[PDB]
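Below is one structure, written out as C-alpha coordinates, with a few remarks after it.
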Amino acid sequence: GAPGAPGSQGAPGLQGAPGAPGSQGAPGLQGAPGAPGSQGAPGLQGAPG
Amino acid sequence: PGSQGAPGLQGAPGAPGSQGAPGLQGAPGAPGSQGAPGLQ
(Lines give C-alpha, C1' and ligand atoms only; values in the text may rest on other atoms or scores of the structure.)
Protein backbone atom coordinates (compact mmCIF):
# COMPACT_ATOMS: atom_id res chain seq x y z
CA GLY A 1 0.00 0.00 0.00
CA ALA A 2 1.33 3.35 1.19
CA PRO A 3 0.31 5.15 -2.03
CA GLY A 4 2.81 7.95 -1.49
CA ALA A 5 0.59 9.28 1.24
CA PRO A 6 -2.35 8.97 -1.20
CA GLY A 7 -3.32 12.31 -2.72
CA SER A 8 -4.55 15.15 -0.54
CA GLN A 9 -6.65 17.99 -1.89
CA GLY A 10 -5.27 21.36 -2.88
CA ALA A 11 -6.25 24.60 -1.20
CA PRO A 12 -9.20 26.39 -2.83
CA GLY A 13 -10.80 29.52 -1.45
CA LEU A 14 -9.49 32.93 -0.46
CA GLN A 15 -11.83 34.59 -2.96
CA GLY A 16 -10.28 38.02 -2.60
CA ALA A 17 -7.04 39.87 -3.20
CA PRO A 18 -6.21 41.29 0.24
CA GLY A 19 -6.82 44.92 -0.62
CA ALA A 20 -9.59 45.63 1.91
CA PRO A 21 -10.40 48.98 0.21
CA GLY A 22 -12.96 51.59 1.25
CA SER A 23 -12.96 55.38 1.44
CA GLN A 24 -14.32 57.54 4.26
CA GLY A 25 -15.73 61.03 3.83
CA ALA A 26 -13.91 62.11 0.67
CA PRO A 27 -13.25 65.71 -0.40
CA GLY A 28 -15.86 68.15 -1.59
CA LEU A 29 -15.57 70.96 -4.08
CA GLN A 30 -14.88 74.31 -2.45
CA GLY A 31 -17.80 76.70 -2.40
CA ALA A 32 -16.78 79.49 -4.78
CA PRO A 33 -16.47 82.23 -2.15
CA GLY A 34 -18.99 85.02 -2.08
CA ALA A 35 -16.72 88.02 -2.22
CA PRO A 36 -17.40 90.18 0.85
CA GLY A 37 -18.95 93.58 0.24
CA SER A 38 -21.55 95.89 1.73
CA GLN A 39 -25.13 96.60 0.72
CA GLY A 40 -25.93 100.27 0.30
CA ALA A 41 -28.13 102.92 -1.28
CA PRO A 42 -26.14 104.53 -4.10
CA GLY A 43 -28.54 107.04 -5.59
CA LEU A 44 -27.76 110.40 -7.15
CA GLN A 45 -27.99 112.91 -4.29
CA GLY A 46 -25.65 112.80 -1.32
CA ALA A 47 -25.78 116.14 0.48
CA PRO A 48 -27.65 118.92 -1.40
CA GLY A 49 -27.23 121.54 1.30
CA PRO B 1 13.45 -14.64 1.34
CA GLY B 2 10.62 -12.30 0.36
CA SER B 3 12.20 -8.83 0.44
CA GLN B 4 14.80 -7.68 2.98
CA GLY B 5 13.07 -5.04 5.06
CA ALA B 6 12.45 -2.13 2.69
CA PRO B 7 13.53 0.87 4.81
CA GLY B 8 10.49 3.14 4.60
CA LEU B 9 10.49 2.20 0.91
CA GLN B 10 13.17 4.93 0.76
CA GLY B 11 10.57 7.37 2.12
CA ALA B 12 6.86 7.62 2.93
CA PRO B 13 5.87 11.30 2.57
CA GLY B 14 4.23 11.91 -0.78
CA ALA B 15 1.92 14.87 -1.35
CA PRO B 16 2.57 15.67 2.35
CA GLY B 17 5.58 17.90 1.86
CA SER B 18 4.24 19.76 -1.16
CA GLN B 19 2.13 22.84 -1.84
CA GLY B 20 -0.11 23.57 1.13
CA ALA B 21 -2.25 26.57 0.22
CA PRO B 22 -2.35 29.56 -2.17
CA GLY B 23 -0.68 32.75 -1.04
CA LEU B 24 -2.00 36.25 -0.38
CA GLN B 25 1.01 38.17 -1.73
CA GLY B 26 3.40 40.47 0.10
CA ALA B 27 0.70 43.06 -0.39
CA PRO B 28 -1.80 43.65 -3.21
CA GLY B 29 -0.05 46.73 -4.53
CA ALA B 30 -0.97 49.61 -2.27
CA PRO B 31 -2.73 52.31 -4.33
CA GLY B 32 -0.85 55.58 -4.48
CA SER B 33 -1.90 58.81 -2.78
CA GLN B 34 -5.44 59.34 -4.06
CA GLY B 35 -8.10 61.68 -2.72
CA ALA B 36 -8.91 65.33 -3.34
CA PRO B 37 -7.85 67.03 -6.60
CA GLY B 38 -8.59 70.41 -5.00
CA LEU B 39 -9.04 73.10 -7.64
CA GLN B 40 -11.47 75.76 -8.89
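Naming scheme: A, B, ... for chains in displayed order of the C-alpha coordinates; residues 1 onward per chain; ligands 1 onward as shown.
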
Taking a cut-off of 7 Å and counting only C-alpha atoms, can you build a table that, for each residue of chain B near chain A, reports the nearest atom pair and how far apart they are in Å (one decimal), sorted by chain then residue number, as a tab-separated table?
```
residue	atom	partner	partner_atom	distance
B:12	CA	A:4	CA	6.0
B:13	CA	A:5	CA	5.8
B:14	CA	A:4	CA	4.3
B:15	CA	A:7	CA	6.0
B:16	CA	A:5	CA	6.8
B:20	CA	A:11	CA	6.7
B:21	CA	A:11	CA	4.7
B:22	CA	A:11	CA	6.4
B:24	CA	A:18	CA	6.6
B:28	CA	A:19	CA	5.8
B:35	CA	A:26	CA	6.7
B:36	CA	A:27	CA	5.3
```

Next, the residues of the selection above should be written as a PDB file, in the first residue's frame with N, CA and C atoms.
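Dumped everything to again-v9.pdb:
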```pdb
ATOM      1  N   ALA B  12       8.313   7.645   2.941  1.00  0.00           N
ATOM      2  CA  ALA B  12       6.856   7.623   2.927  1.00  0.00           C
ATOM      3  C   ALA B  12       6.226   8.899   2.370  1.00  0.00           C
ATOM      4  N   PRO B  13       6.680  10.089   2.793  1.00  0.00           N
ATOM      5  CA  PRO B  13       5.875  11.300   2.575  1.00  0.00           C
ATOM      6  C   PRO B  13       5.717  11.692   1.116  1.00  0.00           C
ATOM      7  N   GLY B  14       4.508  11.532   0.585  1.00  0.00           N
ATOM      8  CA  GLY B  14       4.230  11.912  -0.783  1.00  0.00           C
ATOM      9  C   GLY B  14       3.764  13.347  -0.874  1.00  0.00           C
ATOM     10  N   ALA B  15       2.528  13.547  -1.321  1.00  0.00           N
ATOM     11  CA  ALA B  15       1.924  14.872  -1.349  1.00  0.00           C
ATOM     12  C   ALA B  15       2.182  15.629  -0.048  1.00  0.00           C
ATOM     13  N   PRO B  16       2.177  14.962   1.124  1.00  0.00           N
ATOM     14  CA  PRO B  16       2.567  15.675   2.348  1.00  0.00           C
ATOM     15  C   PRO B  16       4.022  16.095   2.268  1.00  0.00           C
ATOM     16  N   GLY B  20       0.887  23.637   0.076  1.00  0.00           N
ATOM     17  CA  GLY B  20      -0.106  23.569   1.129  1.00  0.00           C
ATOM     18  C   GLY B  20      -1.329  24.432   0.895  1.00  0.00           C
ATOM     19  N   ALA B  21      -1.128  25.657   0.413  1.00  0.00           N
ATOM     20  CA  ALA B  21      -2.248  26.569   0.219  1.00  0.00           C
ATOM     21  C   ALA B  21      -1.823  27.806  -0.566  1.00  0.00           C
ATOM     22  N   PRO B  22      -2.715  28.374  -1.379  1.00  0.00           N
ATOM     23  CA  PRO B  22      -2.350  29.555  -2.169  1.00  0.00           C
ATOM     24  C   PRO B  22      -2.008  30.740  -1.279  1.00  0.00           C
ATOM     25  N   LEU B  24      -1.300  34.974  -0.353  1.00  0.00           N
ATOM     26  CA  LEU B  24      -2.005  36.248  -0.378  1.00  0.00           C
ATOM     27  C   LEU B  24      -1.131  37.406  -0.833  1.00  0.00           C
ATOM     28  N   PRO B  28      -1.174  43.129  -1.990  1.00  0.00           N
ATOM     29  CA  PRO B  28      -1.798  43.651  -3.209  1.00  0.00           C
ATOM     30  C   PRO B  28      -1.436  45.114  -3.363  1.00  0.00           C
ATOM     31  N   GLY B  35      -7.304  60.802  -3.552  1.00  0.00           N
ATOM     32  CA  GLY B  35      -8.102  61.676  -2.718  1.00  0.00           C
ATOM     33  C   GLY B  35      -8.644  62.903  -3.422  1.00  0.00           C
ATOM     34  N   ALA B  36      -8.306  64.082  -2.898  1.00  0.00           N
ATOM     35  CA  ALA B  36      -8.913  65.328  -3.339  1.00  0.00           C
ATOM     36  C   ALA B  36      -8.045  66.008  -4.382  1.00  0.00           C
TER      37      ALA B  36
END
```
